[PDB]
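Chain by chain, the residues run as shown.
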Amino acid sequence: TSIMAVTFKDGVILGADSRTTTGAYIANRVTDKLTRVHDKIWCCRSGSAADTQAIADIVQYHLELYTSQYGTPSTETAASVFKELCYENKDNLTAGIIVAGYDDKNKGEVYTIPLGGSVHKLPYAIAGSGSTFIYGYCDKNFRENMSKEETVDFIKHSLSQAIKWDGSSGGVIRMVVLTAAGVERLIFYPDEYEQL
Amino acid sequence: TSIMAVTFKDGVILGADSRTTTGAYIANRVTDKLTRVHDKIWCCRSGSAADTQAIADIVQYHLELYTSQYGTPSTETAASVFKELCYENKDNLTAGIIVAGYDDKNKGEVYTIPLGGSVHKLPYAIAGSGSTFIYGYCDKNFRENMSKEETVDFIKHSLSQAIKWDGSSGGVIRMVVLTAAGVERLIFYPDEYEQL
Amino acid sequence: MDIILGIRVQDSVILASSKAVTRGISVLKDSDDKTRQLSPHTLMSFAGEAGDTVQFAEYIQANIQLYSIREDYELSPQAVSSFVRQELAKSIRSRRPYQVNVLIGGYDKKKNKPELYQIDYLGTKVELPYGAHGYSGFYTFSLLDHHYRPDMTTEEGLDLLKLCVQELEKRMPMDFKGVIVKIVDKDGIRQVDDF
Amino acid sequence: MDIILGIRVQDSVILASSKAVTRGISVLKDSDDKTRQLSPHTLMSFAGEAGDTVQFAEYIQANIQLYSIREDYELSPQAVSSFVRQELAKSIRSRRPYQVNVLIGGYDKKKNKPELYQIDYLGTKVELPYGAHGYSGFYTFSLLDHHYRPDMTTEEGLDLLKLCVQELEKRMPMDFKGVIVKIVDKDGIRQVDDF
Amino acid sequence: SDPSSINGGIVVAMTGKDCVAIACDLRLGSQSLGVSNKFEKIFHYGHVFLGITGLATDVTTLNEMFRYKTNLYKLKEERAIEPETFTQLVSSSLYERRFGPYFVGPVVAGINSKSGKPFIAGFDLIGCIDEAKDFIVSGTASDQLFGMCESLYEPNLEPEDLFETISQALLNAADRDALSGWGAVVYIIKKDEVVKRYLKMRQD
Amino acid sequence: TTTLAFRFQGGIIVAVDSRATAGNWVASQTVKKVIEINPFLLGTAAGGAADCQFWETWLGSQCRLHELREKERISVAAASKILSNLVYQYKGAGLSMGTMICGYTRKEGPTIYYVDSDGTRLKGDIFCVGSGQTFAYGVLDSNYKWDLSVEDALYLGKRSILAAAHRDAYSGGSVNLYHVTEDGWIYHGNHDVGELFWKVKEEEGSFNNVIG
Amino acid sequence: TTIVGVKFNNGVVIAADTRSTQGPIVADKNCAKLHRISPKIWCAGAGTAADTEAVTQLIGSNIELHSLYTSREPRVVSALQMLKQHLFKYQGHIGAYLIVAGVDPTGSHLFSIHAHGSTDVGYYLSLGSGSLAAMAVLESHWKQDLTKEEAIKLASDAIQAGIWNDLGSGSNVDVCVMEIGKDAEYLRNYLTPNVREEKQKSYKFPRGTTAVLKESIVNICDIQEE
Amino acid sequence: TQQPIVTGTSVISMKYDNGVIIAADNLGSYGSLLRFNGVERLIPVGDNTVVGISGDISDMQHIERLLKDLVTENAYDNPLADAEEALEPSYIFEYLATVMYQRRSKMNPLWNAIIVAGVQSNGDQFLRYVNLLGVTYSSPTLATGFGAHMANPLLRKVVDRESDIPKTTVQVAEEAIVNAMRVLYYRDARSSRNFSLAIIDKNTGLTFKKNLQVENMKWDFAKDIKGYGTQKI
Amino acid sequence: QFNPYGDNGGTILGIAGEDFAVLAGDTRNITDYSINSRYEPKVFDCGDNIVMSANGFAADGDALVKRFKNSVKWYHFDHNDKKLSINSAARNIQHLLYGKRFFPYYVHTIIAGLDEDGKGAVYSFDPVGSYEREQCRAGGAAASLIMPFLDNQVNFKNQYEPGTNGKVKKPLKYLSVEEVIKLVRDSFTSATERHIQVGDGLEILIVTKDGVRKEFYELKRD
Ligand SMILES: *[B]([O])([O])[C]([C][C]([C])[C])[N]C(=O)[C]([C]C1=[C][C]=[C][C]=[C]1)[N]C(=O)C1=[C]N=[C][C]=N1
Ligand SMILES: *[B]([O])([O])[C]([C][C]([C])[C])[N]C(=O)[C]([C]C1=[C][C]=[C][C]=[C]1)[N]C(=O)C1=[C]N=[C][C]=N1
Ligand SMILES: *[B]([O])([O])[C]([C][C]([C])[C])[N]C(=O)[C]([C]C1=[C][C]=[C][C]=[C]1)[N]C(=O)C1=[C]N=[C][C]=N1
Ligand SMILES: *[B]([O])([O])[C]([C][C]([C])[C])[N]C(=O)[C]([C]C1=[C][C]=[C][C]=[C]1)[N]C(=O)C1=[C]N=[C][C]=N1
Ligand SMILES: [Cl-]
Ligand SMILES: [Cl-]
Ligand SMILES: [Mg+2]
Ligand SMILES: [Mg+2]
Ligand SMILES: [Mg+2]
Ligand SMILES: [Mg+2]
Ligand SMILES: [Mg+2]
């Protein structure tokens, strides 16, 4: 799995591959790992598909109920709910989740939640088995306050390399753009990103 | 351990960190992992320090005896001797070796020998625990027929990132340049390569 | 404990049970009675893990004696054996199961017939003309297959039982210090004091 | 096998060894002689793993008999015991060690003294007034500590030996089917046919 | 150690023309030791027949349990339970012990009293229904029974012919299994008469 | 497996069953568990089929070589010891054997040696070996005498195997009888248990537990 | 086991083989792996047979009660949600691997479910030991905008690939078509490419061939009057 | 006894009317890391045989050296080395099969699965399999690893039995092989897009194709797939 | 850890007639849940009118057959082209198998032919070399399905004569080659239905005084 979230001038973009594997068999080559817990709060999922789906479903429920009572939740609030589930059930869960969202007050924010259940607020975050192969690349190429086009290129190039080297990553590169303008879905096929 | 060898226009350059670890304790912070088996045939060592030293010592002996009888050996010949030891004793060895050398006829050549004992001739090669973090970077930034200065920068930047992310890698960046001109040793200290 | 035998003849049921109690390397006792009277015409012998055997036997004894008082009536051997089986069948899926095997010898006063039931710790019940638990059956069933006859007298049953004990004393490695023999018939339960 | 005893009195050495041979659940034999005559005035009893015991005893027997013929002379019990110990001490660091414990009872014709040696499978030798291997010593040493006196006659030694066997038959779980007793003195080796 | 092969035994069922047949061996043992040669494994509740192989304590327990349940069924419903309905009751009852199961191999056989249609069914230890047209097998010699039934069986056999087929299937399968045999019983079942026959077989 | 052998007035009786199993699966009902080493020696087979077969037919080759070299019939003691010494060399490797070496010679008389894969070698009057040995012992010990007729001794051996065939799940098939005398062994037929059981039950009045 | 699901123009089709196996033995030759959750929501099951049946019955039962409570036809996403949450709770121990398909007022749907509780969406899916043989066929012949006739053909061909090449699958092909605005048609034994040939011999025995000890009439009737 | 380190995935093959086709991708994996992207795993022997190897790469290179050495040895004192006494596919296979079974019998196996594809002197198609256990078998279609599970089903639809071989042309056979390689790229997590293909025909000889790529891939339908069930956006 | 053994499935069957003998075996070869080959010959003509099959782990099976064929060749060289009798071949195979007693050939071996009196003969072996002449034997994966059927239909076990009711057995009348082939085909058809490792094809080798003949029959491919 290769997943990442990157903040930029106008907000935040989430990125992911589409491969799900049972050992070396690709059980699904067109998986959607970018999932929605609120209108402009999404997450990237890595680890167990069952665990991360179960967690994401519970979070979506919690934020839906939060919204009905207290209005739109912050991205920090969403990350805290993810953390509470991941930390308190650390013994029984295998879930590596990146939470990303767009407020108007706080703009683009990214929170990463590794195995332990710890929370880390970062300008950008990478995770999944394939992330190991792009620590060098991402650290050298990331800048703050990039444009939308620059950020798409950064994620596209980064995940392209992660896919190239990691057997557990592959298929299409899905992306989700979160800005004041709204929510935009992007897809990039092998023929496009392999020749980069 | 972070080690790499890169061919370029005038020949080949070997690069390595200087960290040796017993668990999390750094047993030696100024280790020389770039070792000489012949005048212009060197190697990078990763894995067990004892195994790779024992192997390198035996190879140097074999090539010294080869030279006395048949004249200067090729880099391919040196790689074959490494392979023979690593393959036939695969059950008892933990050694990941990169062989690099300069002929006048063949110019710069690089052979990598992973755990199994297989041989792979490549334009450049990376190995050691820290290499995982720079597959993305090295693949994107490597060009054939680079200059000496460009190749030094490529290795310096690459190993800098490998050191940054891998706990088993660190200290100074040692390098060895192999050309027709001769053999040049280079060293780069933390203050220099960390700010890159 | 070790060896417990049972044989049903024409008009009675005979139970034979070893006297030895061994804990490890020493025979702590050589006169132990591995049986409990459940009712005037029903006797139960037992063998298994230390402690569990007596605790289970006395627990069954208490329950049957409670039934007898409540109804002023003695349960049939068949009814008692079924109650015992169910307790063991319940036990086998417990946190800590009763590790006890039993023989139930009784005389049914209604049908005027002796009855012998063999039940293991899993709750496996079978009615038999002759039975045994543990390694005893490995020696004694061949003799009983040959010699047994459904219409033996009680005296003939005791002679056939002596032949079983003699074979056990010859071929078994463990010294079980002889057996206590008890007869169950229409007149109740009695012990053969010389065997 | 199981129980082997030894006692050195005034003018002789008495060895007692069980007759039973058990494989698993059955006593295959009840008249087995767990001893070999090494020389006219030296007897060795043995107990350990099946097969190894006899193979080792006969191997020692052959070597001592070879020595006797070559030199036309009988080795002292002390000399024989040392040879045996070294073979076992050699054996314990072999690919497959001899799993055998022995008692060596002999009469030294030079010193006119009976001698009893106890050696285990590791090659641990000790000279003793009385000895045993396995669980036998756990019962018998307390009796021998009380009763033994070193000036006892052979008849007194046999009585004290009967008291040991009676205690073993009372408290040991395994039926060892009695013992074969052999006496070693100045006149040689003989078997007590009624014990 | 393996609960399904401590006591041993087998059951087989077959369909014929307007009839069904169910048969079992009589052995109960403790591994190698043969204990009982009268341990029948076929029971009946009204006109519905149930055969049970496997751990004997569970064989007894389940018989007592299904007698219990079919008796309450009859009191409330005011009619005898049918094979199709009973099959579902067995499945339900076994699955409620999903993670602590009875170690058994049940087999249902009978004729529907209203439609007259012959019916057989088999189960695994946790409830799965195998509703075969031809035959069902169960026990420690199930492989042997599969081989016999698959070769000997033909459809639409008359009651007296079906008896021979099922009897030969059981006998020859049992004789190739160490933990089966010691006698055998065969039930021939028609819409309103049931014949029970004990078979003479080798007692080893 | 159930095999037995016992000494008596008229020589030795050897009786064995015929069953072979792989787990609960009955592999064979027609196994020859007695081996005709020569016209005077018999060997019984219990445990591993191959081990027993291979090394007992090998034993026959060694016995034949002995009498070629020594111009004399091999003793039962010597023949048994060749086999026991051989298996002792393999001790620990995993051989699985329980055997009786039965014979008669002028110097020894009728002799039986129990030989075993742990290296055990025992001379004796009565032996029963195999998974059903305990069942056979019951019948033998209660009915054995030195003064038995060849006819009565043969039946006792046949009956003791039948007892074990019935109760022991890993014994059965049929009974092979041999009678060893001064003038060699004599085969006394294959007796199917499926027919023998009902015959014995009816005539002897035994097995009243079973219905027939 | 080979089970598949294929989307098409105006609905969805699912299919399955009919072999059940205990180890290397075939327990049932004509097993029914297509289960009805509701009239127009069906699912195919792989893995432990008692589990797929039980978990389908339970959710199917609760779906029926839900449909009566809400006065609405049941939705596939409801069946999906109830199945995944149930399976997740049991941490994979309930060995049910399902392909859930159906039509409802929202449209036509196709999902897969695994024992640990993870769900996946797709136009074509396959599960079981023969899923690799089936998926090979699907990946070679699937296209967008399939007709009903083409989807049935593709689905059954994928099951056949399992039947012939996977030892865990065999016998017959069951199909269930669920088209929008129509009744779901359940095609039991849609294909039968594995009929056994006639035997060489008849093994009917002569009457009296088996030896009998005792005979007796069994009383199946109740206690009688008078 | 060892464990495989650098590994190669599926090798697939089939017979057709005038010869045999074999293929394998150019990847050398190091666990989940797709380490080496230029590894040739089809090794020709003469002009009538191609040996395709999967599994441990260090052992593959050893086997490659044995075959190279076999050709050298066959030429020694052999005037008909390029004619009647040239190396046959059957000879090359039996040699490997001998080595594989000998090595498993010393508990030190060559951790590979091998397919020898070729054409004999009399024009007959040769196609046989051998692996680390020394197990051998022949079939109209043969495949290793994941290919066994995914390629064989597809290739068996073209040639289902022996009588289907004369009815299968080289164009139809190559088409089936190339499709199978695409399917393996979709579904095998240790495969690559780049592969090599070899055809051995009794008329046109040995054709060795390098640097082939999987093309005509279907991915467009991915854009419509959203969430894992209930999600709409 | 490396496991030197594997299981290639399959099933074989030998039946001895009055003046003939047959050795049959399916042609399917498998690992786990995959088919390797639908036609991989398993029963082999080894010369001297002897047929052989070693079922189980195919690598060991091929190795053994190869070594026995070799043994026949050297028997001719060493003993003046003498015909190797079926009983002598059987004893020779015992030694081949027991020679690897502590690292066995993981196979069930069956050979078939004619004895020195011209009568049909079948010998059966376990992996470590124990052997026994038999009238009937099935081996391999579906042996447990086939043997009981052969006890019943070849040796007339548990069969008696009508009217007598268990008193008189069914007489053991001899079976022709046409009658045996019928029983072989039905055995494999039945085994194919209930055993996943059996199918694809059936190859029968018939041995008579005239020589060795072959017959092939299709089996279900699922
Ligand atoms: B990715 O590879 O981490 C991926 C992310 C997931 C949310 C779709 N995980 C998987 O593919 C996991 C296996 C795994 C691989 C690598 C690291 C951790 C876990 N797969 C599954 O959970 C799975 C596989 N087959 C069926 C169902 N679920
Ligand atoms: B490097 O980290 O791989 C390094 C290369 C070596 C040639 C100097 N190896 C080590 O530091 C090894 C441990 C190790 C770490 C990571 C991967 C593999 C091995 N250390 C030693 O061999 C060592 C440690 N302490 C004392 C002596 N030797
Ligand atoms: B007997 O039960 O010991 C018997 C004697 C043997 C010489 C045929 N042994 C076996 O049947 C053994 C299994 C066994 C069962 C019980 C105790 C000890 C051993 N069987 C085999 O050796 C064997 C040989 N070939 C095929 C199948 N089984
Ligand atoms: B298929 O092969 O996955 C199939 C699908 C099933 C739902 C009909 N599975 C089975 O047939 C399973 C395989 C299995 C074997 C052992 C443990 C778990 C699963 N079989 C059974 O569920 C089964 C086996 N014997 C009797 C009844 N059911
Ligand atoms: Cl997912
Ligand atoms: Cl170093
Ligand atoms: Mg560092
Ligand atoms: Mg000591
Ligand atoms: Mg010897
Ligand atoms: Mg028996
Ligand atoms: Mg199939």
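Residues numbered from 1 in each chain as written, not as in the entry; some residues may be left out. Chains lettered and ligands numbered in written order. Part of a larger assembly, values for the part shown. Heavy atoms only, no water.

In the PDB header, X-ray crystallography is given as the technique by which the entry was determined, and 2.80 Å as its resolution.

1. What about the coordination of the magnesium ion (ligand 10)?
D204 of chain E (O), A165 of chain F (O) and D168 of chain F (O) make up the full set of protein donors to the magnesium ion (ligand 10), lying at 2.2 to 2.4 Å. On the criterion of chain membership, the pair formed by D204 of chain E in the segment after β12 (193–199) and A165 of chain F in helix α4 (residues 150–167) is interchain, its members lying in two chains. Judged by its relative accessible area of 1%, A165 of chain F falls in the buried class. (Donors = N, O, S within 2.8 Å, 3.2 Å for Na, K, Ca; no water. Helix = DSSP H or I, 4+ residues; strand = E, 2+ residues; numbered from the N terminus. Buried < 20%, exposed > 50% of the residue type's maximum accessible area, 1.4 Å probe, protein only.)

2. Structural notes on the interface of chain E and chain G
Contacts between the two partners involve 37 residues from chain E and, on the opposite side, 35 residues from chain G. For the pairing of chain E and chain G, the buried interface totals around 3,200 Å² over both sides, and the portion due to carbon and sulfur atoms is 56%. On the chain E side of the contact with chain G, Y95, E164 and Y198 of chain E bury the most area, a combined 16% of that side's loss. Where chain E touches chain G, the interface holds eight salt bridges. Where chain E packs against chain G, one counts 18 residue pairs in polar contact. At the level of secondary structure, the elements contributing two or more residues to the side of chain E that touches chain G comprise α3 (142–152), α4 (159–174) and β12 of chain E. Counting residues per element, the side of chain E that touches chain G draws most heavily on α4 of chain E, which supplies eight residues. (Contact = heavy atoms within 4.5 Å. Buried area = accessible area lost by both parts, 1.4 Å probe. Salt bridge = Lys/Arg side-chain N within 4 Å of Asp/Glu carboxyl O. Polar contact = N/O pair within 3.5 Å; in protein donor to acceptor, adjacent residues only side chain to side chain.)

3. Structural notes on the pattern of salt bridges
If the charged atoms of two oppositely charged side chains come close together, the side chains can form a pair. All names here are of chain I. Applying the stated criterion to the full structure yields 107 salt bridges over all chains. For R38, the salt bridge goes to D200, with nearest N and O atoms at 2.7 Å. Of the two residues, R38 is situated in the loop between β4 (34–37) and β5 (44–45) and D200 in the loop between α4 (177–194) and β11 (201–208); the sequence distance between them amounts to 162 residues. Each member of the pair, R38 together with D200, is buried.

4. A few points about the site of ligand 1
Of all residues adjacent to ligand 1, which total 14 residues, the nearest are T1, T21, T22, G47 and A49 of chain A. Near ligand 1, residues from chains A and G are present, making the site a shared one. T21 of chain A is positioned such that a nitrogen or oxygen atom in its backbone is 3.1 Å from an oxygen atom of ligand 1. Burial of ligand 1 by the protein amounts to 77% of the accessible area it has alone, namely 580 Å². Sorting the residues of the shell around ligand 1 by element identifies β3 (20–22), β6 (41–47) and α1 (49–70) of chain A as the ones contributing at least two each. Tallied by class, the residues present in the shell around ligand 1 amount to one nonpolar, eleven polar and two charged. (Near = heavy atom within 4 Å. Areas by Shrake-Rupley, 256 points an atom, 1.4 Å probe, with all protein chains shown as cover. Nonpolar A, V, L, I, M, F, W, Y, C, P; charged D, E, K, R; others polar.)

5. Here we look at the interface of chain F and chain D
Between chain F and chain D, the residue contacts involve 17 residues of the former and 15 residues of the latter. For chain F, the biggest contributors to the area lost against chain D are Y88, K91 and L122 of chain F; these three give 40% of the whole. Run the count over chain F and chain D and you get three salt bridges. For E58 of chain D, the salt bridge identified is with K81 of chain F, shortest N-O distance 2.7 Å. Seen at the junction of chain F and chain D, the total is nine residue pairs in polar contact. For the side of chain F that touches chain D, the secondary-structure elements that each account for two or more residues are α2 (76–89), β10 (121–123), β11 (126–129) and α3 (133–143) of chain F. Partitioning the side of chain F that touches chain D into residue classes produces seven nonpolar, six polar and four charged.

6. What to know about the site of ligand 3
Close contacts around ligand 3 come from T1, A20, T21, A27, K33, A45, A46, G47, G48, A49 and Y170 of chain F together with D126 of chain I, and that covers them all. Each of chains F and I places residues next to ligand 3. The contact in question runs from an oxygen atom of ligand 3 to an N or O atom on the side chain of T1 of chain F, over 2.3 Å. A distance of 3.1 Å is found between an oxygen atom of ligand 3 and a backbone nitrogen or oxygen belonging to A49 of chain F. Its free accessible area being 580 Å², ligand 3 has 73% of it covered by the protein chains.

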